[PDB]
$ cat final33.cif   # mmCIF, C-alpha atoms
data_upload
loop_
_atom_site.group_PDB
_atom_site.id
_atom_site.type_symbol
_atom_site.label_atom_id
_atom_site.label_comp_id
_atom_site.auth_asym_id
_atom_site.auth_seq_id
_atom_site.Cartn_x
_atom_site.Cartn_y
_atom_site.Cartn_z
ATOM 1 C CA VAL A 3 104.191 133.218 -110.487
ATOM 2 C CA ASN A 4 107.314 135.387 -110.925
ATOM 3 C CA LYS A 5 110.195 134.330 -113.194
ATOM 4 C CA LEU A 6 113.575 133.433 -111.747
ATOM 5 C CA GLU A 7 115.773 136.525 -111.676
ATOM 6 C CA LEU A 8 119.240 136.089 -113.177
ATOM 7 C CA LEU A 9 122.225 137.901 -111.782
ATOM 8 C CA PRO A 10 125.251 137.398 -114.009
ATOM 9 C CA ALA A 11 128.374 137.923 -111.959
ATOM 10 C CA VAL A 12 131.432 140.086 -112.395
ATOM 11 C CA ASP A 13 134.162 139.422 -109.798
ATOM 12 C CA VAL A 14 137.092 141.839 -109.789
ATOM 13 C CA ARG A 15 140.671 141.126 -108.693
ATOM 14 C CA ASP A 16 143.581 143.414 -109.598
ATOM 15 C CA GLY A 17 141.328 145.227 -112.080
ATOM 16 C CA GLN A 18 140.408 142.056 -114.014
ATOM 17 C CA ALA A 19 137.262 139.962 -114.315
ATOM 18 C CA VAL A 20 138.034 136.620 -112.633
ATOM 19 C CA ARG A 21 136.323 133.458 -111.420
ATOM 20 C CA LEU A 22 137.393 131.422 -108.376
ATOM 21 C CA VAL A 23 137.013 127.757 -107.334
ATOM 22 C CA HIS A 24 135.446 127.227 -103.879
ATOM 23 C CA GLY A 25 135.949 130.950 -103.281
ATOM 24 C CA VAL A 26 139.674 130.386 -102.646
ATOM 25 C CA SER A 27 142.101 133.259 -103.128
ATOM 26 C CA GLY A 28 144.683 132.217 -105.705
ATOM 27 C CA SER A 29 142.306 130.029 -107.745
ATOM 28 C CA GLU A 30 141.555 132.902 -110.133
ATOM 29 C CA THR A 31 140.909 132.262 -113.809
ATOM 30 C CA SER A 32 141.026 135.640 -115.659
ATOM 31 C CA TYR A 33 138.691 136.840 -118.416
ATOM 32 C CA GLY A 34 139.735 140.386 -119.232
ATOM 33 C CA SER A 35 137.891 143.639 -118.592
ATOM 34 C CA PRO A 36 135.218 143.622 -115.923
ATOM 35 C CA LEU A 37 133.673 146.781 -117.381
ATOM 36 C CA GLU A 38 133.387 145.149 -120.826
ATOM 37 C CA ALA A 39 131.942 142.018 -119.192
ATOM 38 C CA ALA A 40 129.297 143.961 -117.292
ATOM 39 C CA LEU A 41 128.275 145.906 -120.382
ATOM 40 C CA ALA A 42 128.006 142.678 -122.380
ATOM 41 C CA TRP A 43 125.664 141.157 -119.820
ATOM 42 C CA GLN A 44 123.548 144.340 -119.851
ATOM 43 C CA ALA A 45 123.464 144.346 -123.653
ATOM 44 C CA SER A 46 122.276 140.744 -123.706
ATOM 45 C CA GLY A 47 119.284 141.659 -121.492
ATOM 46 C CA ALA A 48 120.474 141.213 -117.897
ATOM 47 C CA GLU A 49 118.168 142.882 -115.368
ATOM 48 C CA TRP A 50 120.816 142.541 -112.608
ATOM 49 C CA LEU A 51 124.578 142.641 -112.248
ATOM 50 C CA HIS A 52 126.185 140.881 -109.283
ATOM 51 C CA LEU A 53 129.424 142.739 -108.790
ATOM 52 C CA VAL A 54 132.121 141.622 -106.347
ATOM 53 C CA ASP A 55 135.329 143.306 -105.213
ATOM 54 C CA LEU A 56 137.507 140.320 -104.366
ATOM 55 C CA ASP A 57 140.526 142.417 -103.292
ATOM 56 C CA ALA A 58 138.311 144.014 -100.685
ATOM 57 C CA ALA A 59 136.926 140.554 -99.740
ATOM 58 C CA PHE A 60 140.430 139.165 -99.280
ATOM 59 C CA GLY A 61 141.977 142.254 -97.670
ATOM 60 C CA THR A 62 144.416 142.911 -100.486
ATOM 61 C CA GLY A 63 143.574 146.515 -101.256
ATOM 62 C CA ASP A 64 140.426 147.168 -103.248
ATOM 63 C CA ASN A 65 138.964 148.140 -106.596
ATOM 64 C CA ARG A 66 136.723 150.909 -105.307
ATOM 65 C CA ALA A 67 137.076 153.352 -108.182
ATOM 66 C CA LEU A 68 136.545 150.635 -110.788
ATOM 67 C CA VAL A 69 133.551 149.162 -108.939
ATOM 68 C CA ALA A 70 132.043 152.649 -108.843
ATOM 69 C CA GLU A 71 132.717 153.093 -112.563
ATOM 70 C CA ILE A 72 131.090 149.787 -113.442
ATOM 71 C CA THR A 73 128.060 150.443 -111.258
ATOM 72 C CA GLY A 74 127.684 153.891 -112.769
ATOM 73 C CA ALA A 75 127.810 152.418 -116.285
ATOM 74 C CA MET A 76 124.913 150.098 -115.502
ATOM 75 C CA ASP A 77 121.367 151.167 -116.319
ATOM 76 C CA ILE A 78 120.198 147.953 -114.670
ATOM 77 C CA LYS A 79 120.085 146.911 -111.014
ATOM 78 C CA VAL A 80 123.404 146.198 -109.307
ATOM 79 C CA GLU A 81 124.130 144.029 -106.290
ATOM 80 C CA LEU A 82 127.552 144.888 -104.804
ATOM 81 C CA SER A 83 129.577 142.618 -102.503
ATOM 82 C CA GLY A 84 133.084 142.215 -101.155
ATOM 83 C CA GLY A 85 134.620 143.186 -97.893
ATOM 84 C CA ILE A 86 131.637 145.181 -96.612
ATOM 85 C CA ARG A 87 132.486 144.898 -92.935
ATOM 86 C CA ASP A 88 132.510 148.332 -91.350
ATOM 87 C CA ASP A 89 130.966 151.800 -91.673
ATOM 88 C CA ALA A 90 133.414 153.053 -94.278
ATOM 89 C CA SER A 91 133.289 150.034 -96.589
ATOM 90 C CA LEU A 92 129.495 150.058 -96.359
ATOM 91 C CA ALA A 93 129.436 153.817 -97.068
ATOM 92 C CA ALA A 94 131.761 153.346 -100.068
ATOM 93 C CA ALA A 95 129.538 150.598 -101.485
ATOM 94 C CA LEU A 96 126.326 152.562 -101.015
ATOM 95 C CA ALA A 97 127.918 155.648 -102.636
ATOM 96 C CA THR A 98 128.213 153.728 -105.900
ATOM 97 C CA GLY A 99 124.452 153.991 -106.329
ATOM 98 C CA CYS A 100 124.048 150.205 -106.288
ATOM 99 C CA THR A 101 120.591 148.723 -105.726
ATOM 100 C CA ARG A 102 121.684 146.583 -102.795
ATOM 101 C CA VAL A 103 124.785 145.285 -101.100
ATOM 102 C CA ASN A 104 125.700 141.967 -99.591
ATOM 103 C CA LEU A 105 127.212 141.458 -96.144
ATOM 104 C CA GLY A 106 129.083 138.191 -95.641
ATOM 105 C CA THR A 107 131.708 137.697 -92.974
ATOM 106 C CA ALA A 108 130.355 140.714 -91.079
ATOM 107 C CA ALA A 109 127.207 138.762 -90.252
ATOM 108 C CA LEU A 110 129.341 136.145 -88.498
ATOM 109 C CA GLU A 111 132.185 138.180 -87.054
ATOM 110 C CA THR A 112 130.324 141.373 -86.016
ATOM 111 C CA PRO A 113 126.677 140.383 -85.730
ATOM 112 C CA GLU A 114 125.670 143.524 -83.841
ATOM 113 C CA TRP A 115 127.150 145.739 -86.546
ATOM 114 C CA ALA A 116 125.374 143.715 -89.233
ATOM 115 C CA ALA A 117 122.068 143.928 -87.377
ATOM 116 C CA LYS A 118 122.468 147.709 -87.095
ATOM 117 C CA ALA A 119 123.194 147.928 -90.817
ATOM 118 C CA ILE A 120 119.996 145.967 -91.534
ATOM 119 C CA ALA A 121 118.006 148.196 -89.179
ATOM 120 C CA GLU A 122 119.392 151.341 -90.789
ATOM 121 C CA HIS A 123 119.315 150.342 -94.498
ATOM 122 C CA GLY A 124 116.535 147.807 -94.773
ATOM 123 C CA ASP A 125 116.246 146.037 -98.063
ATOM 124 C CA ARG A 126 119.351 147.713 -99.438
ATOM 125 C CA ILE A 127 121.056 144.902 -97.438
ATOM 126 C CA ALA A 128 121.121 141.163 -98.146
ATOM 127 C CA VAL A 129 123.256 138.684 -96.249
ATOM 128 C CA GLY A 130 125.482 136.199 -98.026
ATOM 129 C CA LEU A 131 125.634 132.808 -96.423
ATOM 130 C CA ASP A 132 128.604 130.706 -97.591
ATOM 131 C CA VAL A 133 127.772 127.118 -96.627
ATOM 132 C CA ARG A 134 129.488 123.787 -96.253
ATOM 133 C CA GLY A 135 126.961 121.225 -95.025
ATOM 134 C CA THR A 136 125.309 123.288 -92.268
ATOM 135 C CA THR A 137 128.462 125.251 -91.375
ATOM 136 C CA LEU A 138 128.892 128.874 -92.366
ATOM 137 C CA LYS A 139 132.254 130.112 -93.587
ATOM 138 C CA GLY A 140 133.854 133.543 -93.524
ATOM 139 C CA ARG A 141 137.152 135.182 -94.504
ATOM 140 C CA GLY A 142 139.402 135.067 -91.433
ATOM 141 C CA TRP A 143 136.621 133.538 -89.361
ATOM 142 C CA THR A 144 136.475 129.997 -88.066
ATOM 143 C CA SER A 145 133.071 128.496 -87.372
ATOM 144 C CA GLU A 146 131.926 126.542 -84.325
ATOM 145 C CA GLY A 147 130.128 124.145 -86.649
ATOM 146 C CA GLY A 148 126.582 123.584 -87.873
ATOM 147 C CA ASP A 149 125.293 127.126 -87.361
ATOM 148 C CA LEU A 150 123.327 127.691 -90.634
ATOM 149 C CA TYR A 151 119.877 127.464 -89.094
ATOM 150 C CA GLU A 152 120.742 129.318 -85.869
ATOM 151 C CA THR A 153 122.183 132.154 -87.906
ATOM 152 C CA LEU A 154 119.276 132.221 -90.325
ATOM 153 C CA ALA A 155 116.886 132.391 -87.356
ATOM 154 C CA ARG A 156 118.864 135.257 -85.800
ATOM 155 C CA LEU A 157 119.060 137.240 -89.039
ATOM 156 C CA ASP A 158 115.343 136.701 -89.631
ATOM 157 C CA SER A 159 114.567 138.148 -86.208
ATOM 158 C CA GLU A 160 116.824 141.140 -86.949
ATOM 159 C CA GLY A 161 114.707 141.847 -90.024
ATOM 160 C CA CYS A 162 117.154 140.701 -92.729
ATOM 161 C CA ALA A 163 115.345 141.177 -96.067
ATOM 162 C CA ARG A 164 117.090 138.632 -98.247
ATOM 163 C CA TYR A 165 119.761 135.916 -98.338
ATOM 164 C CA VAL A 166 122.316 134.947 -100.958
ATOM 165 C CA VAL A 167 123.083 131.238 -100.363
ATOM 166 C CA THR A 168 126.297 129.845 -101.776
ATOM 167 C CA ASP A 169 127.362 126.216 -101.553
ATOM 168 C CA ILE A 170 131.127 126.706 -101.238
ATOM 169 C CA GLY A 171 131.833 123.164 -102.321
ATOM 170 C CA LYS A 172 130.047 123.836 -105.636
ATOM 171 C CA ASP A 173 131.273 127.396 -106.349
ATOM 172 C CA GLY A 174 133.236 127.597 -109.580
ATOM 173 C CA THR A 175 133.133 123.823 -110.116
ATOM 174 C CA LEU A 176 130.461 123.525 -112.868
ATOM 175 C CA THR A 177 129.134 120.439 -111.062
ATOM 176 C CA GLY A 178 125.586 121.802 -110.565
ATOM 177 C CA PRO A 179 123.869 123.758 -107.753
ATOM 178 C CA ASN A 180 123.033 122.284 -104.381
ATOM 179 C CA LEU A 181 119.277 122.124 -104.799
ATOM 180 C CA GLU A 182 118.740 120.260 -101.548
ATOM 181 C CA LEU A 183 120.490 123.013 -99.520
ATOM 182 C CA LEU A 184 118.484 125.675 -101.332
ATOM 183 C CA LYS A 185 115.177 123.894 -100.708
ATOM 184 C CA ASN A 186 115.830 123.665 -97.012
ATOM 185 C CA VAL A 187 116.963 127.238 -96.562
ATOM 186 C CA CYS A 188 113.774 128.310 -98.380
ATOM 187 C CA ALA A 189 111.815 126.100 -96.008
ATOM 188 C CA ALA A 190 113.451 127.744 -92.985
ATOM 189 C CA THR A 191 112.993 131.429 -93.835
ATOM 190 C CA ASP A 192 110.165 133.358 -95.474
ATOM 191 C CA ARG A 193 112.665 135.868 -96.915
ATOM 192 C CA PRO A 194 113.700 135.643 -100.540
ATOM 193 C CA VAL A 195 116.694 133.410 -101.308
ATOM 194 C CA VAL A 196 119.177 133.975 -104.128
ATOM 195 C CA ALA A 197 120.962 130.812 -105.260
ATOM 196 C CA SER A 198 124.687 130.815 -105.917
ATOM 197 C CA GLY A 199 127.348 128.216 -106.775
ATOM 198 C CA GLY A 200 127.814 125.460 -109.270
ATOM 199 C CA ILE A 201 125.370 126.387 -112.027
ATOM 200 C CA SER A 202 126.574 124.501 -115.080
ATOM 201 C CA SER A 203 123.763 124.070 -117.570
ATOM 202 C CA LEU A 204 120.387 125.330 -118.747
ATOM 203 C CA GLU A 205 118.907 122.251 -117.040
ATOM 204 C CA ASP A 206 120.330 123.587 -113.771
ATOM 205 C CA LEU A 207 118.478 126.855 -114.399
ATOM 206 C CA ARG A 208 115.212 124.995 -115.092
ATOM 207 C CA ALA A 209 115.679 123.201 -111.786
ATOM 208 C CA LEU A 210 116.189 126.485 -109.962
ATOM 209 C CA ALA A 211 113.246 128.089 -111.771
ATOM 210 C CA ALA A 212 111.076 125.258 -110.473
ATOM 211 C CA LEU A 213 111.930 126.399 -106.928
ATOM 212 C CA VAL A 214 110.592 129.930 -107.321
ATOM 213 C CA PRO A 215 107.304 129.030 -105.594
ATOM 214 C CA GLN A 216 109.273 127.622 -102.642
ATOM 215 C CA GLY A 217 111.112 130.931 -102.237
ATOM 216 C CA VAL A 218 114.055 131.003 -104.632
ATOM 217 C CA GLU A 219 113.940 134.481 -106.073
ATOM 218 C CA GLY A 220 117.008 134.512 -108.268
ATOM 219 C CA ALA A 221 120.266 132.839 -109.271
ATOM 220 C CA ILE A 222 123.771 134.292 -109.503
ATOM 221 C CA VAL A 223 125.617 132.826 -112.482
ATOM 222 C CA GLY A 224 129.397 133.012 -112.721
ATOM 223 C CA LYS A 225 131.642 130.454 -114.356
ATOM 224 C CA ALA A 226 128.961 128.917 -116.606
ATOM 225 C CA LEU A 227 128.765 132.214 -118.467
ATOM 226 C CA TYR A 228 132.507 132.939 -118.681
ATOM 227 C CA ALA A 229 133.297 129.326 -119.701
ATOM 228 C CA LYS A 230 130.459 129.453 -122.241
ATOM 229 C CA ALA A 231 128.385 126.577 -121.009
ATOM 230 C CA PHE A 232 125.462 128.682 -122.225
ATOM 231 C CA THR A 233 124.835 132.252 -123.293
ATOM 232 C CA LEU A 234 122.990 134.790 -121.156
ATOM 233 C CA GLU A 235 120.470 135.054 -123.998
ATOM 234 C CA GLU A 236 119.743 131.296 -123.704
ATOM 235 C CA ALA A 237 119.517 131.585 -119.913
ATOM 236 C CA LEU A 238 117.010 134.442 -120.083
ATOM 237 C CA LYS A 239 114.890 132.540 -122.605
ATOM 238 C CA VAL A 240 114.896 129.341 -120.571
ATOM 239 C CA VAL A 241 113.700 131.018 -117.347
ATOM 240 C CA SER A 242 110.991 132.873 -119.319
ATOM 241 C CA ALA A 243 109.235 129.587 -119.970
#
$ encode --input "final33.cif" --output "structure tokens"
Amino acid sequence: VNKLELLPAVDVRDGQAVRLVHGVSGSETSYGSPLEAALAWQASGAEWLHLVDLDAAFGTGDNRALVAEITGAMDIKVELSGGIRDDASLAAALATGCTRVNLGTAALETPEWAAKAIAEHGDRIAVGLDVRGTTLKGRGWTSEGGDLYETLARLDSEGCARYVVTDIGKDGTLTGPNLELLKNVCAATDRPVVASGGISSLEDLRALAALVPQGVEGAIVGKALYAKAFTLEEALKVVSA
């Protein structure tokens, strides 16, 4: 039985490492250099970096050169996300040499483009699902309501390799992950699921580790690390049990 993969996050806005609450632009708390942050996670033993360009996500310019620099400084695997919604932004992300990228709003807004990207790049693509209840959310996209399982079924049939599932209501809140959401997404797809949002404690990581057999492959950890709820060293030890 594989151990839960940990993906410490680095989110970049205006050249700084930041964390958001509920993914809302303007809720940024800042923590200094995102390059220094990434290197610190790597030094502590991270096998993955989850790297996000929030300016690209929000349509307020981008941090492309810095994201490339950070990715290039990593000897470990890198998952890159943020505003990947057309050929050029996808090409820019892939040119960083990252291990895989995440598509988010593109899967909702331009499903044919996303399906083509999956067909052409295979498991270099994962799709981020930002969830409230059973409703998927996207930047500049308004949902019809309750489309989580329809969308999951469509993406499965298009050959999507992997899903990053974020409970928006938990993101950046330190109130704990939505285990019930995660269990049911795992139940609905045979593809690996990466958990995101709300991790607040080592006990939360033990709970997520217990879901590896059900299909939780990994966990993205943001604010708990920056706000020092636990160290990455403690997190890596706990999931090695």
$ resolve_selection --input "final33.cif" --expression "the PyMOL selection byres ((chain A and resi 70) around 9)" --output "list in words"
residues 65, 66, 67, 68, 69, 71, 72, 73, 74, 75, 94, 95, 97, 98, 99 and 100 of chain A
$ resolve_selection --input "final33.cif" --expression "the PyMOL selection byres ((chain A and resi 50) around 12)" --output "PDB file with C-alpha atoms, in the frame of the given file"
ATOM      1  CA  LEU A   6     113.575 133.433-111.747  1.00  0.00           C
ATOM      2  CA  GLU A   7     115.773 136.525-111.676  1.00  0.00           C
ATOM      3  CA  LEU A   8     119.240 136.089-113.177  1.00  0.00           C
ATOM      4  CA  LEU A   9     122.225 137.901-111.782  1.00  0.00           C
ATOM      5  CA  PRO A  10     125.251 137.398-114.009  1.00  0.00           C
ATOM      6  CA  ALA A  11     128.374 137.923-111.959  1.00  0.00           C
ATOM      7  CA  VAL A  12     131.432 140.086-112.395  1.00  0.00           C
ATOM      8  CA  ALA A  40     129.297 143.961-117.292  1.00  0.00           C
ATOM      9  CA  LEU A  41     128.275 145.906-120.382  1.00  0.00           C
ATOM     10  CA  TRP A  43     125.664 141.157-119.820  1.00  0.00           C
ATOM     11  CA  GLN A  44     123.548 144.340-119.851  1.00  0.00           C
ATOM     12  CA  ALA A  45     123.464 144.346-123.653  1.00  0.00           C
ATOM     13  CA  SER A  46     122.276 140.744-123.706  1.00  0.00           C
ATOM     14  CA  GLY A  47     119.284 141.659-121.492  1.00  0.00           C
ATOM     15  CA  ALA A  48     120.474 141.213-117.897  1.00  0.00           C
ATOM     16  CA  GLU A  49     118.168 142.882-115.368  1.00  0.00           C
ATOM     17  CA  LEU A  51     124.578 142.641-112.248  1.00  0.00           C
ATOM     18  CA  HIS A  52     126.185 140.881-109.283  1.00  0.00           C
ATOM     19  CA  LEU A  53     129.424 142.739-108.790  1.00  0.00           C
ATOM     20  CA  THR A  73     128.060 150.443-111.258  1.00  0.00           C
ATOM     21  CA  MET A  76     124.913 150.098-115.502  1.00  0.00           C
ATOM     22  CA  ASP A  77     121.367 151.167-116.319  1.00  0.00           C
ATOM     23  CA  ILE A  78     120.198 147.953-114.670  1.00  0.00           C
ATOM     24  CA  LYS A  79     120.085 146.911-111.014  1.00  0.00           C
ATOM     25  CA  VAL A  80     123.404 146.198-109.307  1.00  0.00           C
ATOM     26  CA  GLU A  81     124.130 144.029-106.290  1.00  0.00           C
ATOM     27  CA  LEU A  82     127.552 144.888-104.804  1.00  0.00           C
ATOM     28  CA  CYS A 100     124.048 150.205-106.288  1.00  0.00           C
ATOM     29  CA  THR A 101     120.591 148.723-105.726  1.00  0.00           C
ATOM     30  CA  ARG A 102     121.684 146.583-102.795  1.00  0.00           C
ATOM     31  CA  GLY A 220     117.008 134.512-108.268  1.00  0.00           C
ATOM     32  CA  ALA A 221     120.266 132.839-109.271  1.00  0.00           C
ATOM     33  CA  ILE A 222     123.771 134.292-109.503  1.00  0.00           C
ATOM     34  CA  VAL A 223     125.617 132.826-112.482  1.00  0.00           C
ATOM     35  CA  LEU A 234     122.990 134.790-121.156  1.00  0.00           C
ATOM     36  CA  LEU A 238     117.010 134.442-120.083  1.00  0.00           C
TER      37      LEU A 238
END
$ residues_around --input "final33.cif" --residues "residue A:175" --least-positions-apart "3" --cutoff "10 Å" --atoms "all atoms listed in the file" --output "ChimeraX atom specification"
/A:22-24,170-172,178-179,199-202,225-226
$ resolve_selection --input "final33.cif" --expression "the PyMOL selection byres ((chain A and resi 133) around 10)" --output "list in words"
residues 130, 131, 132, 134, 135, 136, 137, 138, 139, 140, 148, 149, 150, 167, 168, 169, 170, 171, 172 and 183 of chain A
$ residues_around --input "final33.cif" --residues "residue A:156" --least-positions-apart "4" --cutoff "12 Å" --atoms "all atoms listed in the file" --output "count of residues only"
16
$ axis_aligned_box --input "final33.cif" --around "stretch 112-122 of chain A" --padding-each-side "8 Å" --output "AutoDock Vina command-line options"
--center_x 124.2 --center_y 145.9 --center_z -87.7 --size_x 28.3 --size_y 27.0 --size_z 23.7
$ closest_residue --input "final33.cif" --among "A:17, A:146, A:128, A:119" --to "residue A:93" --atoms "all atoms listed in the file"
A:119
$ atom_distance --input "final33.cif" --atom1 "atom CA of residue A:195" --atom2 "atom CA of residue A:217"
6.2 Å
$ decode --input "final33.cif" --residues "stretch 153-228 of chain A" --atoms "C-alpha atoms" --output "tab-separated table (two decimals), in the first residue's frame"
chain	number	residue	atom	x	y	z
A	153	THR	CA	-18.28	16.50	-15.12
A	154	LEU	CA	-16.26	13.75	-13.47
A	155	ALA	CA	-18.03	11.20	-15.70
A	156	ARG	CA	-17.29	13.27	-18.81
A	157	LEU	CA	-13.62	13.79	-17.93
A	158	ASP	CA	-13.25	10.09	-17.15
A	159	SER	CA	-14.58	9.20	-20.59
A	160	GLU	CA	-12.16	11.69	-22.18
A	161	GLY	CA	-9.30	9.82	-20.51
A	162	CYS	CA	-8.42	12.34	-17.78
A	163	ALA	CA	-5.57	10.77	-15.77
A	164	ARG	CA	-5.97	12.47	-12.42
A	165	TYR	CA	-8.06	14.96	-10.42
A	166	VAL	CA	-7.12	17.60	-7.87
A	167	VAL	CA	-10.21	18.08	-5.67
A	168	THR	CA	-10.48	21.27	-3.67
A	169	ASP	CA	-13.29	22.08	-1.25
A	170	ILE	CA	-13.50	25.85	-1.80
A	171	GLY	CA	-15.29	26.38	1.47
A	172	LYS	CA	-12.32	24.84	3.33
A	173	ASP	CA	-9.42	26.34	1.32
A	174	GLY	CA	-7.18	28.50	3.47
A	175	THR	CA	-9.44	28.19	6.52
A	176	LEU	CA	-7.47	25.67	8.66
A	177	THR	CA	-10.80	24.04	9.56
A	178	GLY	CA	-9.88	20.56	8.23
A	179	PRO	CA	-10.33	18.81	4.85
A	180	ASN	CA	-13.67	17.68	3.51
A	181	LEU	CA	-13.16	13.95	3.90
A	182	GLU	CA	-16.71	13.10	2.92
A	183	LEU	CA	-16.36	14.90	-0.45
A	184	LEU	CA	-13.03	13.19	-1.06
A	185	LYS	CA	-14.43	9.74	-0.26
A	186	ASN	CA	-17.26	10.16	-2.70
A	187	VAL	CA	-15.16	11.49	-5.55
A	188	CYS	CA	-12.84	8.50	-5.03
A	189	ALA	CA	-15.90	6.26	-5.15
A	190	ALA	CA	-17.02	7.81	-8.45
A	191	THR	CA	-13.79	7.65	-10.46
A	192	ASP	CA	-11.02	5.06	-10.68
A	193	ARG	CA	-8.46	7.80	-11.42
A	194	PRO	CA	-6.16	9.03	-8.70
A	195	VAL	CA	-7.45	11.92	-6.56
A	196	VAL	CA	-5.29	14.60	-4.96
A	197	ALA	CA	-6.87	16.23	-1.91
A	198	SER	CA	-6.74	19.98	-1.44
A	199	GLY	CA	-8.20	22.51	1.02
A	200	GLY	CA	-8.42	22.95	4.74
A	201	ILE	CA	-5.60	20.74	6.02
A	202	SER	CA	-4.88	21.99	9.51
A	203	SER	CA	-3.18	19.32	11.57
A	204	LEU	CA	-1.16	16.11	11.49
A	205	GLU	CA	-4.40	14.33	12.46
A	206	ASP	CA	-5.89	15.64	9.21
A	207	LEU	CA	-2.99	14.05	7.33
A	208	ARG	CA	-3.51	10.71	9.12
A	209	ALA	CA	-7.15	10.86	8.06
A	210	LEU	CA	-6.17	11.47	4.45
A	211	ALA	CA	-3.51	8.76	4.58
A	212	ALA	CA	-6.22	6.33	5.66
A	213	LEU	CA	-7.99	7.05	2.35
A	214	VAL	CA	-5.11	5.97	0.12
A	215	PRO	CA	-6.67	2.53	-0.48
A	216	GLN	CA	-9.92	4.22	-1.56
A	217	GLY	CA	-8.04	6.25	-4.18
A	218	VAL	CA	-6.57	9.33	-2.52
A	219	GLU	CA	-3.09	9.53	-3.97
A	220	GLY	CA	-1.80	12.72	-2.43
A	221	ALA	CA	-2.55	15.91	-0.52
A	222	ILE	CA	-1.68	19.51	-1.37
A	223	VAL	CA	-0.77	21.43	1.78
A	224	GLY	CA	-0.81	25.23	1.83
A	225	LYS	CA	-1.66	27.39	4.81
A	226	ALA	CA	-0.91	24.75	7.47
A	227	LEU	CA	2.74	24.89	6.45
A	228	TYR	CA	3.07	28.68	6.11
